[PDB]
Amino acid sequence: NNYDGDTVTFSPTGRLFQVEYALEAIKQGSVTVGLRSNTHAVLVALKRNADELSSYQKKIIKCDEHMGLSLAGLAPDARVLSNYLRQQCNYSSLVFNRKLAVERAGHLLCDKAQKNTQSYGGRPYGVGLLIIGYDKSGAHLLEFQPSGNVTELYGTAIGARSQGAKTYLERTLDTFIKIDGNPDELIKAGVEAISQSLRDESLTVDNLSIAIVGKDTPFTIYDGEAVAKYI
Amino acid sequence: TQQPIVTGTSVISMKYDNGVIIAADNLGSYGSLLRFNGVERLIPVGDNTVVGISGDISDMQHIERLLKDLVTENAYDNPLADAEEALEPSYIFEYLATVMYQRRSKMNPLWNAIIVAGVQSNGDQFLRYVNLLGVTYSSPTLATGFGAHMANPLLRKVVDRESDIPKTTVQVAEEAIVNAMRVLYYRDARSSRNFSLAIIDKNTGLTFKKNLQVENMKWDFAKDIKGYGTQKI
Amino acid sequence: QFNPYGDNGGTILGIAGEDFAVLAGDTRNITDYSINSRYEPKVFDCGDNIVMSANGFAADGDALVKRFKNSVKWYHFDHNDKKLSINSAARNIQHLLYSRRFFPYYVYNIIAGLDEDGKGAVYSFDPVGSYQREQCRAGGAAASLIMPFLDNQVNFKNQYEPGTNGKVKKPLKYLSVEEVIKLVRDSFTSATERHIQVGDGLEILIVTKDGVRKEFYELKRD
Amino acid sequence: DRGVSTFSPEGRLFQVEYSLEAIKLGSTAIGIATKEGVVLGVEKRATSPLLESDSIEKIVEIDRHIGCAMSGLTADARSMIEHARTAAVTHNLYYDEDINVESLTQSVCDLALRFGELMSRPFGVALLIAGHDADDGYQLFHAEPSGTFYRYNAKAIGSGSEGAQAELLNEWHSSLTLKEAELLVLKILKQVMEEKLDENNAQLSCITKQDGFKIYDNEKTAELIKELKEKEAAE
Amino acid sequence: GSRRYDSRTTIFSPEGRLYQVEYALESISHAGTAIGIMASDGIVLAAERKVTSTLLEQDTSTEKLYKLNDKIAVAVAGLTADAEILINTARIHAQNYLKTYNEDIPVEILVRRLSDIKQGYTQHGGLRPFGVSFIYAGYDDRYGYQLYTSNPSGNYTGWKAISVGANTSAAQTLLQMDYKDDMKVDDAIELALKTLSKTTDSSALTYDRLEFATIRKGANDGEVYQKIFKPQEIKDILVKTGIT
Amino acid sequence: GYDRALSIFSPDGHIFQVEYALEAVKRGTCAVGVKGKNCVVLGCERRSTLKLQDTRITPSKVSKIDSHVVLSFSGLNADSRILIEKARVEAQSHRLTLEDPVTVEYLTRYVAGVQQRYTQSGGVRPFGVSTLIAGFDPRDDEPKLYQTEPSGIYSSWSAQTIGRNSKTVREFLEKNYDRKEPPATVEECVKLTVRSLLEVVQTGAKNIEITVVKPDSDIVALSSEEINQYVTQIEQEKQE
Amino acid sequence: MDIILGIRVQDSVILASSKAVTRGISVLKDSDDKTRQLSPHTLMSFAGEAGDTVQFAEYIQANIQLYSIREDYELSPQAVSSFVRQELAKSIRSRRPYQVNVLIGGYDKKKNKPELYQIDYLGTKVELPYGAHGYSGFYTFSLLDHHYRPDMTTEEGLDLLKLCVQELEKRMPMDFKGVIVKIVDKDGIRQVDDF
Amino acid sequence: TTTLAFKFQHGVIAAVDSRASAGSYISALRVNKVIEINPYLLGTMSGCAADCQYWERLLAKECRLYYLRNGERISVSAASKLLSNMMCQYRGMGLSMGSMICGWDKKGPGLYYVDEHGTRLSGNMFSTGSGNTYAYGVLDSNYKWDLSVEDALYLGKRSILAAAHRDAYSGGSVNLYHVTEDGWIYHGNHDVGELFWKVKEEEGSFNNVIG
Ligand SMILES: *[C@@](C)(CO)[C@](*)(O)[C@H](Cc1ccccc1)NC(=O)[C@H](Cc1ccc(OC)cc1)NC(=O)[C@@H](C)NC(=O)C1=CC2=CCC=CC2=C1C
Ligand SMILES: [Mg+2]
C-alpha cells in the first residue's frame with residue numbers, strides 16, 4: 001500500500017511487497033514441471049504463443065552439458081540468470097576442472113537474487129526457475145524463487161495452474177522416484193503430471209517442450225516432432 | 001618481476017601400480033648458505049593429494065595458505081565435503097596452474113616448480129607438473145630442478161613408459177625414489193641429507209613419512225684418491 | 001630478469017585431402033636439453049569436427065586451445081547450436097591471437113577439418129593472428145625440415161614428366177588418406193633423426209564426414 | 001515519486017506497460033513472411049502536405065539479409081538500429097559469415113531492459129525485424145521494449161494493429177507467393193489508414209535470398225496499388 | 001530511498017516554463033536596482049545598495065559592482081554569494097583567454113561563457129540555479145562599447161540601456177523616454193541617477209546608498225579606463241546633477 | 001552523480017517532459033523556412049517588447065553551423081546555444097575524420113540524436129527547442145530544409161514554420177506554396193517568406209529577420225531597408 | 001619533412017616548402033604540399049616527424065575554423081600563433097610529444113601588416129622578417145641577412161627566395177625536389193604555380 | 001614484399017607478390033596481399049602480416065557501416081583516412097603496415113598510400129615493400145596515362161617480376177587487379193617461375209640469366 005513503492009521497504013507486518021509482486025509474475029506465467037529419479041532428471045514445459053501466426057515462446061535453457069533449467073515469468077530475467085549460471089558452470093570448469101555441483105549452483109542463484117531485494121534503485125527478478133542436473137552425487141532438481149529461496153526437491157511445478165501437477169507428483173512420489181534406467185517412462189510421468197494443469201487446451205506438437213539429463217545422458221532439449229512420441 | 005631468495009631444491013615423484021610416490025628434502029637455502037634445516041616442502045591436501053614445491057620458500061608459504069583456504073572454502077555449504085564433493089588432485093592442480101599462469105601474465109610470478117601427486121575418486125593415479133611460467137606436463141616420472149637431470153633417468157629405468165606402471169610395486173618404487181634422493185645428496189650442492197617422503201595409495205590411503213635420512217653411502221674409496229694428477233703421497 | 005616465454009619444442013603437420021584432413025604432432029615435451037614427457041598430447045578435438053594444435057610455448061598453446069574450445073561452446077549457446085564452420089573458426093582464432101598483439105601467444109597454430117562443401121581444409125596461423133587456408137603446412141621446431149619435402153611430395157614441385165625435359169609439369173593428382181599417412185610418418189621419422197626436440201611418439205587425428213579418428217605411432221626415444 | 005523499475009501488484013513493470021501504450025499511438029507497420037520472401041510495409045503518416053514524404057524513413061536496412069520496420073516513438077529506434085547494424089557487421093568481422101536473424105533480434109532485445117536509476121527509461125518503439133539465413137530460412141520477428149521477441153508468420157503493430165491482426169489471421173496461409181503478400185500488406189494498410197492509401201503516404205519493402213533487402217520505389221508501389229484496385233473490383 | 005526528498009530543480013511546468021528559473025527571477029525582483037547606460041564615448045553603471053546601516057563601512061564595501069578585468073565590469077542583482085562564485089569563474093575565463101591568444105577577451109565571449117554555466121544548472125545536475133542577474137559593461141576593439149544582461153535562465157541579450165533587480169518595469173520606461181543615440185557619458189551619468197532617484201523605494205537617494213562606475217575612453221589617448229567611484233566622489237556627482 | 005529519471009512514461013503512454021518541452025517551443029518567437037528552386041530562405045520573428053536593444057551585438061536568431069549550413073530555432077534561447085555548439089563541433093569533426101563537409105541531412109540527424117539522447121538519459125531534461133536546419137550539400141545544387149523537435153524526430157520540408165502562431169503561418173504556406181512550381185528566383189522566395197511572417201508579426205519594421213542561403217557556401221543576411229522594401233511592396237498590392 | 005622557408009616583405013608573407021616525401025630509401029612523392037590554410041588570411045607550413053606533421057596541422061586547422069564559425073570573425077595571426085605555441089608547449093611534456101616545427105604566415109587586416117611567426121616543436125615562438133627550420137637556416141640566413149629590406153616588393157621577395165633555393169640546391173646533400181611557394185597578402189592566399 | 005598500384009586512363013592497376021618470410025626461411029609461397037574491401041575498393045598489404053590483415057579487415061567493417069548509415073559507398077579519400085586514423089591511435093606502439101587503398105568513386109579513380117606512421121598520400125603511382133625500388137625502375141620508364149588496359153596490366157605484372165627476381169624477400173606469384181567504374185576485376189595468379197621464363201623468351205629481357 002504505502003510500503004510497496006520499492007524493494008528497500010518492509011511493511012508493518014514484515015513483508016516485502018515488491019518481492020511478492022515479482023512472485024505474482026511467476027503465477028501468470030505458463031506451467032512447467034520438474035521431476036527426477038535416481039538416474040535421470042526431467043523438465044517438462046508448456047510453451048505459450050501470442051496468437052496463431054506467432055511462435056511458441058521457448059521455456060527451457062541449457063546451462064552446461066550436465067545442467068539446465070526451465071523458466072516461468074519474465075523471460076528476459078531468465079536469460080540474465082541463465083547466462084550467470086553458464087558463466088559460473090564455466091568458471092568451475094576452466095579454473096578447477098570441476099563440473100559445478102547443482103546444490104552450489106542453487107546457492108549462487110539465491111545470493112544473486114538476494115542482492116536485488118536489499119538495495120535501492122534495482123528490482124527483484126520477475127521469474128521462477130526449475131533447475132535439473134546430474135553431478136557427482138547423482139540426479140538433482142531445484143526450485144528457484146526470486147525472493148532468493150532455493151529448494152531441492154524430488155519433483156515440483158511452477159506457473160499458472162501448477163497446483164494440479166504438484167498434487168499429482170505428491171501422490172506419484174513413490175512410483176516415479178524408482179524409474180531408474182528408463183528415460184522414456186520418466187518423461188511419460190512428467191507429461192502425465194503437466195497434463196493435470198491443462199484446461200481447454202491440450203498438448204500439441206509445437207506446444208510441448210521436454211528436456212532430460214542423466215547418468216550417460218547430456219542435457220538435451222526436445223521440441224517439434226521429437227516430442228510427438230510422448231503426445 | 002623478482003628474484004628468488006630462500007629456496008628449496010629438487011622434488012621427485014613417480015607412479016606405481018596402486019598409486020604415486022613423492023619426495024623432497026627439508027632444506028631452505030639462502031644462496032650458497034644452507035640456512036634453514038627444518039623446512040617441509042611436501043604439503044598434503046586432504047587424504048588423497050600431496051603438493052610438492054620447489055623454488056622460492058616465501059612463495060611456497062603463500063601457496064600453502066591458498067591450499068589451506070581452498071579446503072575451508074570447499075567445505076562451505078557442502079554436506080559431501082568429506083565424500084563425493086571432496087577436493088580431487090585434478091581440481092587442486094588446475095587451480096594452482098591457473099594461478100601460476102595468471103601471475104606470469106602479470107609479470108609477477110610465483111617463483112616455483114610444483115608437482116601435484118595424488119589418487120582420484122575412480123582410483124586413477126594423478127601426477128602433473130606446473131611452474132612459474134604456467135607450463136604444465138604429465139609423465140610416469142616427474143622431477144624438478146636437479147631431479148630432472150639426475151633422478152628422472154633412474155626412475156625411468158623402472159617405469160620407462162605407461163605399460164610399466166602396473167608391473168611396478170610400491171616397494172620397488174619407494175626403493176627407486178630413496179636411491180634417487182641419495183644420488184642427489186652426492187651431487188646437488190643445495191641439498192640435505194634429511195628429507196620427507198609421501199605415498200598416496202588407492203587402498204592404504206596417504207602415508208606421510210618425516211625425518212628420513214640418506215643412508216648406505218659410499219665414501220671409503222676417497223682414501224685412495226691422492227692429488228690431481230702426478231702426486232703419489 | 002624474468003622471461004615470461006619458453007620453448008617446449010615439438011612439431012606439427014597438417015595436410016588437406018579431397019574429402020578429408022589430417023593434423024599430426026609428436027608427443028614429446030622438452031625444456032632446453034631435458035625431456036619433460038614422452039607422451040604429452042598436443043593436437044586436440046575441439047568439437048564441430050575441428051582439430052587444433054598450438055605449437056611452441058606450451059603454456060600459451062594450452063591457453064589458446066582452452067579459449068577456442070570455450071569460444072565454440074559460447075557459439076552454440078548464442079546461435080542456436082549452429083555448427084561452427086572451419087572458416088568461421090579460423091577468423092575467430094585470428095581475433096584471439098591479435099588480442100595479445102603487444103604480449104603475443106608464442107605459438108604457431110594449425111587447425112584442420114572440412115569446409116561447407118565437404119572438402120578437406122587446413123588453416124595456418126602466425127603468432128599474432130595472420131591466417132590463410134592451405135593445402136599443406138608443417139609448423140614448429142622441424143617445420144623447415146619438413147615443408148620442402150611436402151612441396152615436393154604433395155604439390156609435386158620441381159617434378160616434371162620424363163621425356164618432355166622440363167616442358168610439362170607433373171599433374172596435380174589428389175592423395176588418398178593412406179598415401180597421406182605414409183607421408184606424415186616418413187616426415188616425422190625423418191625429422192626425429194635430424195632434430196633433437198622431435199621424437200618419442202606421433203599422434204595423428206584424421207577428420208572425415210564420419211567424425212574424428214586417432215592413430216598413434218612410436219618414434220625414436222633418443 | 002516512485003521507482004522506474006517498479007513492479008505493479010499484478011506482476012508487471014509499470015514503465016514497460018506504459019511504453020506499450022505509446023506504441024499503440026504510432027503509425028501502422030505490417031510484416032508478412034512467405035517461402036518466397038518476407039514483405040514489410042508501413043504507414044508514413046505525414047503531419048502536413050508541405051512535409052516531403054520521401055524523407056520519412058520508417059523502413060530501414062540492418063544488413064543485406066536483414067530489414068526492419070518501426071512503430072511508436074521512432075526517434076528511439078535510431079540507437080537500436082545503430083546497435084543492430086554494428087552487431088551484424090561485428091559478427092561478420094569475428095566469424096566471416098552472415099548473422100542469424102534470431103541472434104540479431106536477441107542482441108537488440110538485450111538493450112530493452114537496460115534501464116534504471118544505463119538509460120533512464122525503456123524504448124517507446126516496437127520493431128518488426130525481417131530477414132533470411134541458411135539455417136531457419138525466411139523469418140519475421142516482433143521486438144518489444146519488454147525484452148521479449150516472438151517469431152511471426154505475419155504481424156501488425158501500431159494504431160490499427162488489432163484490426164489488421166484479425167485480418168492477417170484469416171488471409172495468411174503457408175503457400176503464399178511474394179506478389180500475393182505484397183498486395184495483402186497494401187490491402188490491410190488501406191483498410192486501417194485514416195487517409196487514402198497511395199505511393200506517397202505508404203511504403204513497401206521486401207527481403208529475398210537472391211536480391212537481399214530492398215525498399216520499393218514509389219513507381220513500383222504505385223503499380224501494385226493499381227493492381228490491387230483492379231483485382232478488388234474484379235468480384 | 002533518497003528520491004522521496006528530491007525537489008527536481010530541472011523540470012518543465014505544464015506551460016513549458018522552468019519553475020526554479022521563474023522563482024529565481026522572483027527573488028531578483030526584490031534586489032536593489034542596477035542600471036546600465038551605453039553612450040558613444042563610454043558606459044555608465046549605477047546601482048542601489050539595499051537598506052544600509054549607519055555603522056556599515058562603506059568605503060571598503062562591495063555588493064553591487066565588480067571588476068572582471070581591466071576592460072569589463074559587472075553590476076549584480078540577487079544573491080551576492082552566488083554572484084561571487086560566478087564572478088571568480090569569469091575572472092579565470094578572461095585570464096585563460098589572454099594566456100591562450102595573447103589578447104584581451106572579447107566582451108560577448110565572456111558573457112556567453114557565464115551564461116552557458118547558468119544554463120547548465122537549469123538542464124542537468126539537479127541543483128538550484130544561481131539567483132543572480134548581471135549587467136555586463138565592457139569594451140573591445142571589435143564592437144567597441146557594449147552592454148549585456150544575463151539571468152538565471154542563461155539567456156543573454158545586448159542593450160543600449162537596461163535595468164535589473166527591483167522596479168525594472170518603471171525604470172525601463174523612464175530610460176526608453178529620455179535616452180537618445182547621440183548621447184554622451186556625462187549625460188548618461190545624469191540619466192542613470194535620475195532614474196534611480198524616481199524608482200527607488202527609499203525616501204531619498206543619498207551617497208551612502210549607491211555604488212557607481214564608468215568605463216571611459218576618457219583615458220590618455222587610445223585606451224580604456226575603469227573608474228569605480230568612491231563614497232566622496234558619488235557625493236560630488238549627486239550635488240553636480242542636482243539631486244541632493 | 002545525479003541520475004534521476006526525469007523523462008518517463010505516463011499511464012496513457014506519454015512522456016510529459018518531452019511534451020512540455022514542445023510548449024516551450026510554442027512560446028518561442030516564430031521561425032519560418034522556405035526553399036525555392038535554387039535557394040533556401042530562413043525567416044525569423046523578433047518580439048518588439050524589447051526596445052533599447054543593441055542589434056549589433058544581440059545574438060542573431062539564425063546561426064551558421066558551417067560555411068554551407070545554417071540553423072534557426074524556436075524555444076528556449078539558452079538551450080539552443082548548446083545544440084549549436086555541439087553541431088559546430090561535429091561539423092569540424094566530420095571534416096577532420098572524413099575529409100568532406102557534413103551533408104545537411106547528416107547534421108540534422110546528429111542534432112536530432114542529441115535531442116533524443118536527452119529524453120532517455122538520467123538527470124537531464126529535454127531541450128525546449130525545435131530547429132530548422134537548411135543549406136546545400138557539397139557540390140550539389142538541390143536545396144535542403146529539415147526540421148527537428150525535442151523528442152528527436154526529424155524530417156524534410158518543402159516549407160515549414162515553428163514557434164508561436166506557427167499554426168497560422170503554416171496555414172498560409174499550405175495554400176500559397178505550390179510544389180509543382182516553387183519560388184523560381186530569390187526575390188519570389190524572400191517575398192513569400194516575408195508575406196508568411198506578416199500574417200503573425202505585427203509591424204514589419206525591425207521585427208522581421210531574413211537570411212538567404214544559396215549554393216556553394218553563399219550565405220547573406222538582409223538588412224532592415226532591404227526587408228522594408230518587401231514589406232512596402234506587399235501591402236501596396238494588398239490595397240486592391 | 002625537410003625544408004620550410006618564410007619571408008615577410010612590405011605588403012605580404014611568402015612561404016616556400018619542399019615537395020619531397022621519403023620512406024626508407026625511396027622518394028614516394030615529389031609534389032607534396034606541406035601547408036594548411038588556417039583562415040582566409042593565415043597560412044601555416046610545417047616540418048617534422050612522419051605523420052605527426054599533418055595530424056597536428058589538421059588539428060590546428062579544425063580549431064581555428066571552429067573559432068571562425070563560432071564568432072563569425074577571423075583571429076589575428078598573432079592570436080593564432082599564440083594558440084599554436086600553447087598547443088606545442090602543452091605537447092612537449094606529454095607522454096608522446098608531437099614532433100612538429102611550423103611557420104605561420106598571415107596578413108593582419110586590422111593593422112594592414114604582414115606577419116611571420118616561427119615556432120619549433122618545444123613551443124619556442126619568435127616573430128621574424130624571415131625564418132626557417134632545421135638546417136635550412138644554416139645555408140640561407142647569410143643571404144637573407146645581406147639582401148633583405150623591409151620595404152621589398154613581393155616580386156623582389158620571390159627573387160631573393162629563388163636565390164635561397166639555388167643555394168640550398170647547391171650545398172645541401174639531400175634532394176628536396178624543389179619547393180611550392182605561396183603568397184599571403186590582403187587579398188588572401190594564392191600559389192605561385194611556376195617556380 | 002613488393003606491391004604496386006597506379007592510376008591511368010582506364011582506372012587503376014594493382015599488383016602484388018605472394019611471398020612471406022621468417023628470417024631467411026620462406027614461410028609461405030602464396031599469400032594473398034590484396035583485400036577486397038568492397039566491389040569498388042581494394043587494399044594492398046606490406047609489413048607485419050597480422051597487422052595488415054587485422055586492420056584492413058577492421059577497415060572493411062567500418063566502410064560497410066558507412067554504407068548502411070549513409071546509403072552510399074564510401075569514398076577512397078575517406079576510407080584511406082579512417083585507416084590512417086587507426087594507425088595514429090597505436091602511434092609508436094610498434095605496428096608495421098604499408099598499404100595502398102585503390103578504388104573508383106565519384107571523383108573518378110582514387111589511390112592513396114597509407115603507412116603505420118599515419119602518413120596519407122594521394123598520387124598516381126605507388127609501390128611498397130622490400131622490393132619497391134626494383135618495381136619503380138620499370139614503372140617510371142614505361143608508365144603513361146594513355147596506357148591500354150592490356151599494356152597496363154602487363155606493366156604491373158612485369159614490374160613485380162623485376163622485384164621478385166632481384167629482391168630475395170619477394171616472389172612466389174603475382175596477383176593482378178584492375179579497378180573500373182563497374183568495380184574491381186581479378187586478373188589471376190601468375191607463378192613467377194613460369195612467368196620469368198615466358199617473359200625472358202617473348203621480351204628478350206634477362207639476357208644475363210641462362211635458360
Ligand atoms: C615481404 C615478404 C617482406 O618480407 C612483405 O612485406 C610481406 C607482407 C605480407 C605477407 C603476408 C601477408 C600480408 C603481407 N611481409 C612478410 O611476409 C612479413 C615480413 C615481416 C616479418 C617480420 C616483421 O616484424 C619484424 C615484419 C615483416 N612476415 C611476417 O609477418 C611473418 C611473421 N609471417 C608469417 O610467418 C606468416 C604469415 C602467414 C600468413 C598466412 C599463413 C601463414 C603465415 C605465416 C607463417
Ligand atoms: Mg630425436
# chains A, B, ... in the order shown; residues from 1 in each chain; ligands from 1
>>> interface_residues(of="chain E", to="chain A", cutoff="10 Å", atoms="only C-alpha atoms", output="PyMOL selection string")
chain E and resi 1-3
>>> residues_near_ligand(ligand="ligand 2", cutoff="6 Å", atoms="only C-alpha atoms and all ligand atoms", output="VMD selection string")
chain C and resid 192 to 193 195 to 199 222
>>> select_by_dssp(residues="stretch 65-168 of chain F", states="helix (DSSP H, G or I)", output="count of residues only")
39
>>> residues_near_ligand(ligand="ligand 1", cutoff="7 Å", atoms="only C-alpha atoms and all ligand atoms", output="VMD selection string")
(chain C and resid 124 to 126 130 to 132) or (chain H and resid 1 to 2 19 to 22 27 to 28 31 to 33 45 to 50 52 to 53 96 129 to 130 169 to 170)
>>> write_last_selection(atoms="N, CA, C and O atoms", output="short mmCIF file (atom, residue, chain, number, x, y, z; two decimals), in the first residue's frame")
data_model
loop_
_atom_site.label_atom_id
_atom_site.label_comp_id
_atom_site.auth_asym_id
_atom_site.auth_seq_id
_atom_site.Cartn_x
_atom_site.Cartn_y
_atom_site.Cartn_z
N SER C 124 46.28 -22.11 -41.39
CA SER C 124 47.56 -21.87 -40.74
C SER C 124 47.61 -20.46 -40.18
O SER C 124 47.10 -19.53 -40.79
N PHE C 125 48.26 -20.31 -39.03
CA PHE C 125 48.37 -19.01 -38.37
C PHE C 125 49.82 -18.68 -38.04
O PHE C 125 50.68 -19.57 -38.02
N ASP C 126 50.09 -17.40 -37.81
CA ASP C 126 51.34 -16.97 -37.19
C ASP C 126 51.00 -16.60 -35.73
O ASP C 126 49.83 -16.66 -35.34
N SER C 130 47.81 -13.55 -38.28
CA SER C 130 47.67 -13.69 -39.73
C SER C 130 47.37 -15.14 -40.04
O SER C 130 48.03 -16.04 -39.53
N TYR C 131 46.35 -15.37 -40.87
CA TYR C 131 45.97 -16.72 -41.24
C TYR C 131 45.58 -16.80 -42.70
O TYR C 131 45.35 -15.79 -43.37
N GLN C 132 45.46 -18.03 -43.17
CA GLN C 132 45.04 -18.31 -44.51
C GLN C 132 44.83 -19.79 -44.67
O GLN C 132 45.40 -20.56 -43.96
N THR H 1 57.97 -8.49 -49.20
CA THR H 1 57.05 -7.95 -50.25
C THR H 1 57.47 -6.95 -51.31
O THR H 1 58.40 -6.18 -51.13
N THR H 2 56.76 -7.03 -52.43
CA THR H 2 56.64 -5.94 -53.38
C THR H 2 55.17 -5.78 -53.72
O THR H 2 54.50 -6.75 -54.07
N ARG H 19 55.00 -13.74 -51.50
CA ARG H 19 55.96 -14.38 -50.61
C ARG H 19 55.77 -13.92 -49.17
O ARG H 19 55.30 -12.81 -48.92
N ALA H 20 56.14 -14.78 -48.23
CA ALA H 20 56.17 -14.43 -46.81
C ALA H 20 57.42 -15.04 -46.19
O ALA H 20 57.77 -16.17 -46.50
N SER H 21 58.07 -14.29 -45.30
CA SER H 21 59.34 -14.72 -44.73
C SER H 21 59.37 -14.71 -43.21
O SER H 21 58.63 -13.98 -42.56
N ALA H 22 60.27 -15.53 -42.67
CA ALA H 22 60.54 -15.60 -41.24
C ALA H 22 62.05 -15.74 -41.10
O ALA H 22 62.56 -16.84 -40.86
N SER H 27 58.38 -18.69 -45.38
CA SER H 27 57.30 -19.29 -44.60
C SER H 27 56.05 -19.56 -45.43
O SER H 27 55.26 -20.44 -45.09
N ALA H 28 55.86 -18.81 -46.51
CA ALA H 28 54.70 -19.00 -47.39
C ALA H 28 55.02 -18.63 -48.83
O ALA H 28 55.63 -17.60 -49.10
N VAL H 31 50.69 -16.15 -50.42
CA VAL H 31 49.81 -15.38 -49.52
C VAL H 31 49.09 -14.30 -50.30
O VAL H 31 49.65 -13.71 -51.24
N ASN H 32 47.86 -14.03 -49.91
CA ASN H 32 47.02 -13.03 -50.56
C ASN H 32 47.28 -11.68 -49.90
O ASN H 32 46.93 -11.47 -48.74
N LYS H 33 47.91 -10.78 -50.65
CA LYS H 33 48.30 -9.46 -50.13
C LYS H 33 47.36 -8.35 -50.59
O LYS H 33 47.65 -7.16 -50.39
N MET H 45 48.86 -4.97 -49.11
CA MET H 45 49.47 -5.25 -47.81
C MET H 45 50.99 -5.37 -47.91
O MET H 45 51.52 -6.02 -48.81
N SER H 46 51.68 -4.75 -46.96
CA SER H 46 53.13 -4.88 -46.83
C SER H 46 53.51 -4.60 -45.38
O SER H 46 52.99 -3.66 -44.77
N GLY H 47 54.41 -5.41 -44.83
CA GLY H 47 54.85 -5.27 -43.44
C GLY H 47 54.48 -6.49 -42.61
O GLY H 47 54.60 -7.62 -43.09
N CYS H 48 54.03 -6.26 -41.38
CA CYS H 48 53.61 -7.35 -40.50
C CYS H 48 52.29 -7.92 -41.00
O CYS H 48 51.29 -7.21 -41.10
N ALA H 49 52.30 -9.21 -41.33
CA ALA H 49 51.14 -9.90 -41.91
C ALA H 49 49.89 -9.75 -41.06
O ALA H 49 48.82 -9.41 -41.56
N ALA H 50 50.04 -10.00 -39.76
CA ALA H 50 48.94 -9.90 -38.80
C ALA H 50 48.33 -8.50 -38.77
O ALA H 50 47.11 -8.35 -38.80
N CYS H 52 48.51 -6.15 -41.11
CA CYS H 52 47.86 -5.90 -42.40
C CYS H 52 46.46 -6.52 -42.46
O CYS H 52 45.51 -5.86 -42.85
N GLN H 53 46.35 -7.78 -42.05
CA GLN H 53 45.07 -8.49 -42.11
C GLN H 53 44.05 -7.92 -41.14
O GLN H 53 42.91 -7.64 -41.52
N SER H 96 53.47 -2.37 -37.95
CA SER H 96 54.19 -2.32 -39.22
C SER H 96 53.21 -2.66 -40.34
O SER H 96 52.85 -3.83 -40.53
N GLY H 129 57.09 -2.10 -49.97
CA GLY H 129 57.73 -3.37 -49.67
C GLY H 129 59.23 -3.36 -49.89
O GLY H 129 59.78 -2.39 -50.41
N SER H 130 59.87 -4.45 -49.51
CA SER H 130 61.32 -4.61 -49.62
C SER H 130 61.84 -4.49 -51.06
O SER H 130 63.02 -4.17 -51.26
N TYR H 169 63.41 -11.34 -50.70
CA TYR H 169 62.19 -11.45 -49.90
C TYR H 169 60.93 -11.08 -50.69
O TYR H 169 59.91 -10.71 -50.11
N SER H 170 61.00 -11.20 -52.01
CA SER H 170 59.84 -11.03 -52.88
C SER H 170 59.81 -12.16 -53.90
O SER H 170 60.85 -12.57 -54.41
#
>>> atom_distance(atom1="atom CA of residue F:30", atom2="atom CA of residue F:209")
10.7 Å
